Structure formats: C-alpha cells, structure tokens
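Below: the structure, in structure tokens.
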Amino acid sequence: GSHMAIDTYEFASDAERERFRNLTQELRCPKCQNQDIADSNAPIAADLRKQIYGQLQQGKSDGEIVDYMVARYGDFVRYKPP
C-alpha cells in the first residue's frame with residue numbers, strides 16, 4: 001500500500017482526475033530509468049505531472065496538453081497513444 005502522485009492532487013471533478021490519469025499514462029519517458037510518468041518519483045515526472053494538472057485546470061484540451069508537453073520537453077517526453 002503506497003500512494004501514487006495522482007493521490008496528491010485536488011482535482012476539480014472525477015472527470016478531471018481521469019483525464020490526468022490518462023495523460024500521465026500515455027505520455028512516456030522512454031529513456032528514463034522509469035518510463036511511466038504516472039509512477040516515477042524522478043524530478044522530471046513531478047514537473048510533468050504538475051504541468052499537466054496546471055493545464056487541465058487552465059481549460060486546455062487533451063490534444064492541446066499532449067502537444068504542449070511533447071513540443072516543450074521532446075528531449076525526454078514522448079506521446080505513446082494506447
């Protein structure tokens with residue numbers, strides 16, 4: 001029994017939580033020692049989750065968010081649709 005990063009945020013609705021959940025699972029860091037941005041405790045993962053949360057709350061769409069994180073952090077981040 002452990003908490004995950006998602007457990008640490010105050011979402012505005014259950015739908016908003018689930019959007020975060022999907023985004024953090026589908027955005028990956030393929031060279032990272034832990035490639036799962038939902039599970040990693042690496043500083044980069046906390047940064048990405050923080051940004052995804054911020055953008056959800058700004059009213060950005062799923063599409064806009066993916067584009068931002070990929071275009072802004074392409075040296076480590078990659079979109080891997082399911």
Side-chain angles (χ1 to χ4, degrees), residues 1-77 79-82:
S2 197
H3 297 294
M4 284 176 59
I6 195 172
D7 290 319
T8 73
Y9 289 91
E10 303 179 281
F11 290 102
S13 59
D14 297 337
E16 191 182 80
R17 181 171 310 93
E18 295 312 312
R19 287 180 63 204
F20 176 100
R21 197 189 313 277
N22 292 355
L23 281 154
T24 55
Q25 307 212 116
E26 299 167 16
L27 282 159
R28 305 263 299 173
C29 173
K31 311 297 177 62
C32 281
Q33 108 198 94
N34 189 342
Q35 310 163 43
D36 184 353
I37 297 160
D39 184 82
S40 180
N41 228 24
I44 189 170
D47 183 37
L48 303 167
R49 292 187 294 253
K50 177 155 187 26
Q51 285 236 122
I52 289 161
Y53 175 80
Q55 303 196 2
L56 285 168
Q57 296 223 316
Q58 282 177 347
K60 299 297 189 284
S61 71
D62 286 347
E64 292 179 321
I65 297 179
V66 165
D67 290 1
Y68 184 99
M69 308 300 165
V70 170
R72 192 83 78 152
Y73 315 109
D75 289 317
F76 298 106
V77 157
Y79 174 51
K80 182 158 176 280

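Residue numbers count from 1 along this sequence.
Within the model, atoms OG1 of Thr24 and CG of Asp39 stand 10.0 Å from one another, a figure rounded to the nearest 0.5 Å. Here the OH-CG distance, from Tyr79 to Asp67, works out to 9.5 Å after rounding to the nearest 0.5 Å. Annotation: the span from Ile44 atom CD1 to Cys29 atom SG amounts to 5.0 Å, rounded to 0.5 Å. Considering CD1 of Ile65 and CG of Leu56, their distance stands at 4.0 Å, rounded to 0.5 Å.
Using a cut-off of 4.0 Å between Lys/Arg side-chain N and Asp/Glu carboxylate O, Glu16 and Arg19 are scored as not salt-bridged. A salt bridge links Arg17 with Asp14; the closest basic N to acidic carboxylate O contact falls under 4.0 Å.
At a cut-off of 3.5 Å, with distance as the only test, a side-chain donor of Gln57 or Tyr53 sits close to an acceptor on the other residue.
Residue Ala46 comes nearest to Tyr9 through the heavy atom pair O-OH, 4.2 Å, listed as atom of the first residue, atom of the second, then distance. In terms of heavy atoms, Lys60 sits closest to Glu64 at CA-OE1, 3.3 Å. Considering all non-hydrogen atoms of both residues, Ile37 and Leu27 come closest at CD1-O, 3.0 Å.
Contact check for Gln55 versus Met69: side-chain heavy atoms found under the 4.5 Å cut-off. Residues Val77 and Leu48 meet the side-chain proximity criterion, which asks for heavy atoms closer than 4.5 Å. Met4 is listed as a side-chain neighbour of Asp7, based on a closest heavy-atom distance under 4.5 Å.
Of the possible polar contacts, none joining the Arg49 side chain to the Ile6 backbone as a donor-acceptor pair under 3.5 Å is found. For the pair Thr8 (side chain) and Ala5 (backbone), a donor-acceptor distance under 3.5 Å is present.
The 12-atom threshold is exceeded at CD of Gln58, counting heavy atoms of other residues, nucleotides or ligands nearer than 6.0 Å.
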